[PDB]
Each structure stands twice: as C-alpha cells, then as structure tokens.
Protein chains: 2
Amino acid sequence: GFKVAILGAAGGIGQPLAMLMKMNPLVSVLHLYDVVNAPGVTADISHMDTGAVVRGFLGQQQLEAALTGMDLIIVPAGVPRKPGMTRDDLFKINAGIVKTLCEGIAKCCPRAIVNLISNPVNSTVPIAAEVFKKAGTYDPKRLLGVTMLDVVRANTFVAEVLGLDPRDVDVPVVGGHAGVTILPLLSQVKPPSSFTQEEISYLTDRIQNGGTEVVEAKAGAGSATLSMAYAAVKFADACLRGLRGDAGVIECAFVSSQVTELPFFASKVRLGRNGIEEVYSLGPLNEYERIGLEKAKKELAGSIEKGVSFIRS
Amino acid sequence: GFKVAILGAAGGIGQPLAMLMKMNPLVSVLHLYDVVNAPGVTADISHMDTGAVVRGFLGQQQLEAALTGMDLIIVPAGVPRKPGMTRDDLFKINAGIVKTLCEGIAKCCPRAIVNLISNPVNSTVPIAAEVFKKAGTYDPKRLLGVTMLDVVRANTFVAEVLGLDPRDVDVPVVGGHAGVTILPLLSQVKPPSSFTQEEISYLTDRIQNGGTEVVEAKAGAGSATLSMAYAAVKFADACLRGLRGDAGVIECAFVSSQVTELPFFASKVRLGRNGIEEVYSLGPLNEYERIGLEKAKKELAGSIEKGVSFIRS
C-alpha cells in the first residue's frame, strides 16, 4: 500500500476525509497532521479495524515527521470564513498556510504526489508551484488542484436533469475551481445525451455556484465539508490507483498545463506511477461552452497571477 | 433499494454517518433528521454523486415526514460529552430524546428496523422497547442496539497484539455497551490464537475502556465520532444486506434475548429479511470470560432497569 499524509486532518473537511482514507485499502500508512486537535482525531480513527496504520502530528515541530516518506499528500488545510470573512485578509492566511506546508513538502517529500484542496485553488496551486520552484523540487506532474467536487456536483446535477443515476454519468469540467471559472463540458458528457438550451444554462449556472447552495442552506455559517471529503477521497483514491500502476485512470484536476495559453488549467488528466501521465486537450466545444471558456479564462488569468504574485515578492 | 433515515444527522456522529450512508448502494432514499442544521448537512450531502436520494427534515414538526416509509432508522441522536459539566447524567436528556424519537418511530414506521446508538445503549434500548410496547408496535426482532464499535476496537486491538491486519480478525463481543459489561470473548477469536495473561488483561481492559481512551485524547471536549460513524455504517449495512435476503449476515448487537436471564444482551445475531432472524447463544467460554460474564450481567441488570423504569415509572 501507499503512505498518505493529510494536512489539516482535524478540520471540518479534514476529519471526514481522514476517516475515509483510513478505510481505503490502498493506504498502508496514514499521517494526520494539523496545528490543533490532531491527537484526538488520530485516537478516534485508530480504532477503525482497517488496514492502514494511522499516526498523528501536532504543530510545525512535527510537520517533518508527518511528511517524511509519504507517497501522497492531501491538503485541505485552511482557515474557515467566520468573522464576516471574504475579507481577502483570509486569502493571505490561507496562502500563508499553503506556503509553509509546501515548504515542508518540498523539504521532506519532494517526490510525493500533492493534492491541494486549500482554497482558492485557482491561486493556491500556482502558489505551491512557485514555492516548489523556489526550492528546486517542482515537478508539474506531481501537483494537483482538487477540482473533483465540481465533477461530483456536475455528475449529480446532470443526472437529476436527465433522470439518470449519478453513478452512471461523467461530466468533464474544465478551467478553474471558482464561479464562472468552472466550466462543465455538457457537450462531452457520458453517456451521450442532448440538452435543451434551458437545461444547458440551468446546469452550468448551478454547477458553477453549487458551493453557495450549501452555504445558503447553512445560513452562511459554513460550507460543504462532507461532499468535499467524499470528493477528495474519490480523487486521492484515483491518484493511489495511479501509483499502483492501474491503466486509464482519468480524472479532472487543476494542473500545470499547455491546453490553453494559461499556465494552470483544469482538464482531464491521466494518473500514473509518477503522477500526471497526460493532460488532455479541451477538444471541440460548442458556442455556449466557447463563450463560457473565455469568461473562465479572463477570471482565471487574474487568479493565477494573484497566487504567483503572493510568493514572487 | 432501501429507505434509511438517520435521526440526529447533524451531529458529530450523524454527519460522517450520513456521508457514508449516502455512499451505500443499498440505500435508495436517505432521510436526514435533526432539530438543527439538517438542511445544511442535507444540501452538502445531496451533491454527492451516488444512488441514494437525500432529503432533510428539521424539528419535531418534520420528524413524521422523515420517518414515514423508512426501512431502517439509525439513531445516533443525543447530547455530547460536555467537558465542563462532569455528569448531571446525560441520561435524563438522551433518554428523553430517545423516547420522543421512538414514539415517532412507533407511530410513523412501526415496521422499521431500528439501529439505536444513543448512549447509553444499555438503557436506551430497553427504553425504546418500553416505548414500543406501550404503543403496541414492539417487535424484538426489529430493535438493535449498536455495539459494533466494541467489535471494531477489539478487532483492531487484538490484531495489533497478533501483528495482523485488523481486517483478518474477528472478536466476538457480548454483554453490554459500557465498562465491564462489554465482554470480549478472546477465546473465540479468529484466527485461532493464544494470548498471554497480560495481553488478555490489557486487551479486555482496553476494549472495555475504548471510549474513554478517545475522550482523554480529545481533551475532554468530545468523544469518538468518526470511528463510531464507521462502525454504525458497517452495522447498518449488515442490516440492509439482511433486508436484501443475503445469507450468513451475523453481527454482534445489543438486542432483546433469552441468551441469559436478562431481557437484553449483546451476542451474535443473524440478520434476515425481518431484522434479527436468530439470536445466537454465547458458545464456549473459559473461566476468565465466565467470571467476566458474571460481572457483566451484574452491572447490566441495573442499567436495563434504569432504562425500563424511565418509561414504566
């Protein structure tokens, strides 16, 4: 099996995520890390009678111990939005957080596959890339922004409109991980289907804003944590199956790419023994998607620069 | 596809338990009930691309809609381990909660299989039984106290000792769900093994105090949530496979039985189309376990009464 580290394992997303990884039969070793409550979460999880052995790590002084030897690093680390946040002062905190964790990764497990969930992903992935570049350990094939939740939402909402089982639907989602930056390619959905103009717009808008659906349901106090955990694990499991050597492991992720003029983009990627084995091109898009693509790119260009800038200064 | 309702889906145990049930293919419909935040959790969960369709229900006024039609009702509901307040006995509270929920269940889904997790199981189950008796819906084959986490811990701890993968270990646990009432039959362990008196001592002690172990670790402000959700789902899933018609579905559970003089006891049971298709006796016990059996029954008798008198008196 493989060794996995979850950074921020005691948070809202972290916990359900650690519970699910502890259940993954491909995980031999599981390191739960956080700046608080790591021991209590570890204790709880240690009782589950599954294959993976779990250990906890608390504080910066233990990050090295948590990271050393890991094959995959799942990073949902990030401070929540509470005191009337979005204050942008938030972004500085999260960017700061992704920064140190990446410094640790660059130092302790430079070859480990990295699944960055820390939001905003459109900026933190570039941040990570820059930090690794500055450390001389950047392998664009091993850094992935987890955009899986958008695909999960798309599959679910598309299935609902088509009256299908969500498990039998696959919706490619490209671009970025926030708002109009999220671009579901309905014209490339599986199984083959046709959508009315009405459905195409309803679906796209819904997928792009699925996040606030949950924030609304929680009176703006919280956001998706469970579905996020479920998605990150579905994605982590994919990376693990890739490291195992499985063929055709394909999923959408926000990665370093040349599929567009932008340095980082979300598209279909093939996961293998050394991370990303192939970044799939966007291919044919219809009018609606083209117009959406451009709007996505415009915002994405700025978000990337924002992250690249945060480090390069 | 089976219909499942989770009472108290917004809590520590409920949320991860709800996420895991959403993932269970045997679940066609999933109802998330609670007095607070049910909508938020539901929205979160509804985005998961799995078969189960999920609906939320908030407050007493919506409990009937949640229950109606359910095949299985998992009940983790109950107040948390408040660190400050040592113990003005949660009993009063939880017991109250259990009673109202059970009244609802007896009225809305009398034929539903029930998985009561509400602490303390040693009392809440007899309470539920007393609530259904008065309602005239009691079916001893349909009420089950979830002691699955005692088995999970045992497998883990025992496998640790044996240096095995907890997945290849089975340790039957009988008796009750608290302290010395939890009785791990180490002599019936699979694979056949031998333990030193020390290990037998350590294992029996640790399994009986598993919960405490976690509370201590979480700095008094919390108890096992994840491992409990994990064990509850494994147990719930067993029931569902039972409802499906599967053969050989055997699990330990605190149920109504005449395995001992007590009206309730945890032992192996076979789950069938109507819930418990048979309650198995304890089998072979060494002197150590027989002694343990006596202490178990001793403290268990009172617990059972403490719960029955909550309804009768």
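Per-residue ellipticity at 222 nm computed for the protein assembly as shown from its helices equals -14500 deg cm²/dmol, with DSSP H segments shorter than 4 residues left out and the rest contributing -39,500 (n - 2.57).
Normalised by residue number, the volume inside the convex hull of the Cα atoms of chain B is 131 Å³ per residue.
Chain B residue nearest the rotation axis toward A, with distance: B:16, 2 (Cβ to axis, whole Å). Summarised as an ellipsoid, the protein assembly as shown has semi-axes of 44, 28, 21 Å, derived from the eigenvalues of the Cα gyration tensor scaled by 5 and square-rooted, with the largest first.
Which shape class applies to segment B:263-305: rounded if a/c is under 1.5, otherwise prolate when a/b exceeds b/c and oblate if not, where a ≥ b ≥ c are the square roots of the Cα gyration tensor eigenvalues? Since a/c reaches 1.5 but b/c is at least a/b, the shape of segment B:263-305 is classed as oblate.
Rg over Rh for segment A:219-268 works out to 1.11, using Cα positions for both radii and the Kirkwood form for Rh. Dipole magnitude for segment B:112-194: computed about the Cα centre from +1 point charges on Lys and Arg Cβ and -1 point charges on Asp and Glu Cβ, it is near 340 debye. Each copy carries a label point for residue B:287 at 7 Å from Cα toward Cβ; from one copy, the others' points are 9.0 nm away, ordered from shortest. Using Cβ point charges alone (K and R +1, D and E -1), the dipole size of the protein assembly as shown about the Cα centre works out to roughly 440 debye.
Mean sequence separation of contacting Cα pairs (under 8 Å, at least six apart), scaled by the length of chain B, corresponds to a relative contact order of 18 percent.
Here residue B:35 yields copy-to-copy label distances, from shortest upward, of 3.5 nm, the label point defined as 7 Å from Cα along Cα to C-beta. Look at the dipole of segment B:147-313 built from charges on Cβ: of B:284, B:231, B:307, the Cα furthest out on the positive end belongs to B:307. Which of A:119, A:274, A:155 ends up with the largest GNM mean-square fluctuation for chain A, with Cα atoms connected below 10 Å? Answer for the Gaussian network model of chain A: A:274. Here B:93, A:311, A:182 are placed in order of increasing Cβ neighbour count within 10 Å, fewest first, which gives B:93, A:311, A:182. Label-point spacing for residue A:194 across the identical copies (point 7 Å from Cα in the Cβ direction), in nm and ascending order: 7.5. How big, in percent, is the set of alpha carbon pairs in segment B:147-313 lying more than 26 Å apart? Here the long-distance tail beyond 26 Å is 29 percent of all Cα pairs in segment B:147-313. Only the Cβ atoms of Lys and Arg (+1) and of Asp and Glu (-1) were treated as charged; on that basis the dipole of chain B about its Cα centre amounts to roughly 880 debye.
Rg over Rh for segment B:1-146 works out to 0.96, both radii taken from alpha-carbon positions and Rh defined as the Kirkwood radius.
The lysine pair count for segment B:147-313, using Cα distances under 28 Å and pairs eight or more places apart or on different chains, is 15.
Note that we place each Cβ from the backbone using ideal geometry, even for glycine, and neighbour counts take in every protein chain shown. Read-outs: derived from the displayed coordinates by stated rules, not from any lab.
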